[PDB]
Engineer: 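Before I ask anything, here is the structure I am working with.
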Amino acid sequence: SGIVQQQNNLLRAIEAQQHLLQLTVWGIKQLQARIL
Amino acid sequence: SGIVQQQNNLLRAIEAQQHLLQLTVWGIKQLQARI
Amino acid sequence: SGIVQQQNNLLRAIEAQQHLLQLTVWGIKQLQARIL
Amino acid sequence: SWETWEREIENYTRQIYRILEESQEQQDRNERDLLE
Amino acid sequence: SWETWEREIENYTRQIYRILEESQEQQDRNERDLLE
Amino acid sequence: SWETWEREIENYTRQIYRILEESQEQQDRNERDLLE
């Protein structure tokens, strides 16, 4: 249970970090449009 | 044990990536503020 | 097997996220050079 | 360079979403197998 | 829209820090189970 | 400001790469041990 539960924890962490990464990509695209 | 040791490896990678992600957030806010 | 295969997938995801993070750093550095 | 950055963001984002989808399918299988 | 972006950043950052905390606790438990 | 940012980016990037290499070596070992 603990090993498979740790797999789920790491999967959720990567998923949350992917949401954060999409947000940083949006933010850079917003600046890019203005700065150039 | 090999599986658990690998979990420790992946957890530390994700943690270091989170620090990097917070540095990119800081950078974007700095430039947003300038613009 | 299903656990070891799963760890390979989590490793691949983290590696692909690292590629994305280096792309977001390159973009921020470009914008920073254009602004300041 | 920016048109290339945008395509590389897209390419890696697509990859990560496929790996996350496979990882979720594997999580589901591993949890079911644990129970049997 | 930057205010909205900041709010989504804050929200996912909080989510991932919670997930990392649960992950560290579970890693400790799994390692001690194996040793003990 | 940015001088420190670039230093921290390089420090964490170097750490991540080291951890990813170690994780790939552990993956390879775990997959080999599967067939023992």
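Protein chains get the first letters and strands the later ones, always in sequence-line order, with residue 1 at the start of each. All values below were derived from every heavy atom in this structure, side-chain atoms included, with hydrogens, water molecules and symmetry-related copies excluded.
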Engineer: Of all the heavy-atom pairs spanning B:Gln30 and F:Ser1, show the shortest one and how long it is.
Structural biologist: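 Taking B:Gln30 first and F:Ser1 second, the nearest heavy atoms are OE1-OG, 4.2 Å.
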Engineer: Whether A:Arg12 and E:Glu22 form a salt bridge (side-chain N of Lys/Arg under 4.0 Å from carboxylate O of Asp/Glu) is what I want to check.
Structural biologist: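 Looking at E:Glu22 and A:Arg12, the cut-off is met.
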Engineer: In terms of side-chain heavy atoms, does F:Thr13 have a donor or acceptor partner in C:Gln22 at a distance below 3.5 Å?
Structural biologist: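 Result is no, nothing qualifies.
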Engineer: Main chain of B:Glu15, side chain of A:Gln17: is a donor-acceptor contact present, judged purely on distance under 3.5 Å?
Structural biologist: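 Not at all, since once roles are kept as given, no pair shorter than 3.5 Å links the two residues.
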Engineer: May I ask you to check whether F:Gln15 and F:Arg18 show a side-chain donor-acceptor distance below 3.5 Å?
Structural biologist: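 No donor-acceptor contact under 3.5 Å links the two side chains.
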Engineer: Is a side-chain donor or acceptor of D:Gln26 paired with a backbone partner of C:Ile3 at a separation under 3.5 angstrom?
Structural biologist: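 No, the answer is negative, given that no donor and acceptor are paired below the 3.5 Å cut-off.
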Engineer: Is E:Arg14 salt-bridged to E:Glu10, going by a charged N under 4.0 Å from an acidic O?
Structural biologist: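 Looking at E:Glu10 together with E:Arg14, the answer is yes, because their closest N to O distance falls below 4.0 Å.
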Engineer: Check C:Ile28 against B:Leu31 and note the closest heavy-atom contact, atom names and distance.
Structural biologist: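 Where C:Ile28 meets B:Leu31 most closely, the heavy atoms are O-CD1, 4.0 Å.
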Engineer: Indicate the atoms forming the closest heavy-atom contact of E:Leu20 with A:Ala13, along with that distance.
Structural biologist: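 Reported closest heavy-atom pair: CD2-CB, 4.4 Å.
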Engineer: Do D:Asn30 and A:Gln7 have side-chain N/O donor and acceptor atoms under 3.5 Å apart?
Structural biologist: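 No, no side-chain donor-acceptor contact under 3.5 Å.
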Engineer: Hey, what's the ring geometry for F:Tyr12 with B:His19, parallel, tilted or perpendicular (30° and 60° as the breaks)?
Structural biologist: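 Correct class here is parallel.
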Engineer: I'd like to know if E:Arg32 pairs up with E:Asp28 as an ion pair, taking the criterion as any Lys NZ or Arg NE/NH1/NH2 lying under 4.0 Å from an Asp or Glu carboxylate oxygen.
Structural biologist: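 No.
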Engineer: In terms of side-chain heavy atoms, does A:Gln5 have a donor or acceptor partner in A:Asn9 at a distance below 3.5 Å?
Structural biologist: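 Per modelled atom types, A:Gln5 and A:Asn9 side chains form no pair under 3.5 Å.
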